[PDB]
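Below, all heavy atoms of this structure are taken into account, side chains as well, without hydrogens, waters or symmetry copies. Proteins get letters first, then strands, A, B, ... in listed order; numbering begins at 1 in each.
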Amino acid sequence: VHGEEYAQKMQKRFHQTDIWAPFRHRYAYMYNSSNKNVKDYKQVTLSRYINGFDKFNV
Amino acid sequence: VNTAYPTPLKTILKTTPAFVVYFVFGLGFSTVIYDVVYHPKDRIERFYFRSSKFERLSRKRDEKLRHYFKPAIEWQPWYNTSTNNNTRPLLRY
Ligand SMILES: CCCCCCCCCCCCCCCCCC(=O)OC[C@H](COP(=O)([O-])OCC(O)COP(=O)([O-])OC[C@@H](COC(=O)CCCCCCCCCCCCCCCCC)OC(=O)CCCCCCCCCCCCCCCCC)OC(=O)CCCCCCCCCCCCCCCCC
Ligand SMILES: CCCCCCCCCCCCCCCCCC(=O)OC[C@H](COP(=O)([O-])OCC[N+](C)(C)C)OC(=O)CCCCCCCCCCCCCCCCC
């Protein structure tokens, strides 16, 4: 709406594009930079005692 | 023919009922823990940290896809709740 040039300038982030640097608010550290609990807090609490939360990836 | 127990064994056997009761209670406790952790997963799932990096990624790929990717790709401006009670970021900042 402001301008195609304005949008292009806003989106461009690097002068040299040969390097890929994804934007992250923070970098994972625990569990070898992984997430153990990919769930909500409620799911994390309940799934340890209630059936149906685990989807049996087989 | 007095086929009685040896004296040392007979003396030792006095405390055996306490051992039996301890085993009963301990088996009960262990079985309760096993069943509580077994029912939700239908198995005794190995701990997440007891796994290779690739194994961890493969295990959690499906959960990531079902919980984050699909809402992210089906997102609409009017899907978000106005109360700001949205799901927390996967890596909280
Ligand atoms: C009098 C007038 C009338 C009054 C009426 C009152 C009201 C009546 C009820 C009314 C409502 C009925 C509604 C029915 C329909 C809805 C049902 C529903 O929602 O469930 C569906 C829901 C899900 O549906 P589903 O997926 O199809 O279910 C299939 C299975 O879940 C699939 O299972 P799985 O293959 O995944 O295997 C796992 C499963 C398999 O695990 C099992 O449940 C099997 C048994 C495990 C071992 C139990 C060992 C017990 C003894 C240990 C040693 C104790 C010593 C110390 C005490 C002294 C003992 C003399 O275990 C679990 O899932 C985890 C449950 C853990 C239960 C906790 C331990 C139970 C014992 C508690 C002891 C308490 C301390 C001692 C008290 C002493 C008092 C003197 O099912 C369940 O979650 C089932 C839960 C079962 C819990 C155990 C129930 C008792 C089992 C028999 C043992 C009884 C011992 C009594 C001792 C007494 C001593 C005096
Ligand atoms: C002087 C009195 C002495 C009293 C001694 C009593 C000692 C304490 C005993 C505690 C253990 C009792 C276990 C009984 C079986 C419980 C089964 C169960 O909860 O189902 C789980 C099951 C687990 O099944 P699930 O995990 O598949 O549930 C999820 C189901 N979907 C996926 C569909 C959503 O849960 C349910 O059935 C759901 C409804 C639960 C409703 C709340 C249950 C509370 C039970 C309280 C029992 C209190 C007994 C008090 C007796 C007093 C006598 C005077």
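For A/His25 and A/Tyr27, the distance between ring centers is not under 6.0 angstrom.
Rounding to the nearest 0.5 Å gives a distance of 6.5 Å between NZ of B/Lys64 and CG of B/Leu90. Note that OH of B/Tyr79 is 7.5 Å distant from CD of B/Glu74, once rounded to the nearest 0.5 Å. The NZ atom of A/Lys12 sits 6.5 Å away from the OG1 atom of A/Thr17 when rounded to the nearest 0.5 Å. Going from atom NZ of A/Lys42 over to atom OG1 of B/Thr87 covers 13.5 Å, rounded to the nearest 0.5 Å.
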key: Pair B/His67-A/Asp40, side-chain contact (heavy atoms from CB on, under 4.5 Å): steps then yes or no   = CA-CA 9 Å; B/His67 203 66; A/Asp40 299 334; 2.8 Å; yes

task = List the steps, then state whether side-chain contact (heavy atoms from CB on, under 4.5 Å) holds for A/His2 with A/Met10.
result = CA-CA 11 Å; A/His2 293 75; A/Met10 276 293 186; over 6 Å; no

key: side-chain contact (heavy atoms from CB on, under 4.5 Å) assessment of B/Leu65 paired with B/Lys70   = CA-CA 6 Å; B/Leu65 294 176; B/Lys70 274 291 184 181; over 6 Å; no

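At most 12 heavy atoms of other shown residues, nucleotides or ligands fall within 6.0 angstrom of atom OH in A/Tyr49. Other residues, nucleotides and ligands contribute over 12 non-hydrogen atoms within 6.0 Å of the CD atom of B/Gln76. More than 12 heavy atoms of other residues, nucleotides or ligands lie within 6.0 Å of CZ in A/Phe56, so this atom counts as buried by the packing criterion. Counted within 6.0 Å of CZ on B/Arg50, heavy atoms from surrounding residues, nucleotides or ligands total 12 or fewer; the atom is thus considered open. For B/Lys14, the NZ atom sits in a loose shell: 12 or fewer heavy atoms of surrounding residues, nucleotides or ligands are nearer than 6.0 Å. In the displayed structure, B/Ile73 atom CD1 is contacted under 6.0 Å by at most 12 heavy atoms of other residues, nucleotides or ligands. Shown here is A/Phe14, whose CZ atom has more than 12 heavy atoms of other residues, nucleotides or ligands within 6.0 Å. Within a 6.0 Å radius of CZ in B/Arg43, other residues, nucleotides and ligands contribute more than 12 heavy atoms.
Under the 3.5 Å distance criterion, the side-chain polar atoms of B/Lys53 are left unmatched by any main-chain donor or acceptor of B/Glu55. Judged purely by atom type and a 3.5 angstrom limit, B/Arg88 has no side-chain atom pairing as donor or acceptor with the backbone of A/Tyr41. Without hydrogens or angle criteria, A/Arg48 side chain to B/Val37 main chain gives no donor-acceptor distance under 3.5 Å. Between the B/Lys41 side chain and the A/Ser47 main chain, a donor and an acceptor come within less than 3.5 Å of each other.
The two residues B/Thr83 and B/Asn85 have their closest heavy-atom pair at OG1-OD1, 2.9 Å. Closest approach of A/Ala28 and A/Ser33 over heavy atoms only: O-OG, 2.6 Å. Looking at every heavy atom in both residues, B/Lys10 comes nearest to B/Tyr5 through CB-CB, 4.2 Å. Scanning all heavy atoms of the two residues, the minimum distance from A/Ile50 to B/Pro40 falls at O-CB, 3.5 Å.
One hydrophobic cluster, built from ILVMFWY side chains closer than 4.5 Å, holds both A/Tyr31 and B/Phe47. No continuous path of hydrophobic side-chain contacts links B/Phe19 to B/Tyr22 [ILVMFWY only; heavy atoms under 4.5 Å]. With hydrophobic clusters built from ILVMFWY side chains whose heavy atoms lie under 4.5 angstrom apart, B/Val36 does not share a cluster with B/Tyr34. Hydrophobic clustering (side-chain heavy atoms under 4.5 Å, transitive across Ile, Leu, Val, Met, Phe, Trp, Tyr) keeps B/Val32 apart from B/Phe25. Under the 4.5 Å side-chain heavy-atom criterion for ILVMFWY residues, no single connected hydrophobic cluster contains both A/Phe53 and A/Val44.
You'll find the side chain of B/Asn86 reaches within 4.5 Å of the side chain of B/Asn80, heavy atoms only. The closest side-chain heavy-atom distance from B/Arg56 to A/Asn32 is below 4.5 Å. B/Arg59 is listed as a side-chain neighbour of B/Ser51, based on a closest heavy-atom distance under 4.5 Å. The closest side-chain heavy-atom distance from A/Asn57 to B/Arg66 is below 4.5 Å.
Under the 4.0 Å criterion applied to side-chain N and carboxylate O atoms, A/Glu5 and A/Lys9 are assigned as salt-bridge partners.
There is no side-chain donor-acceptor pair under 3.5 Å between B/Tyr48 and A/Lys36.
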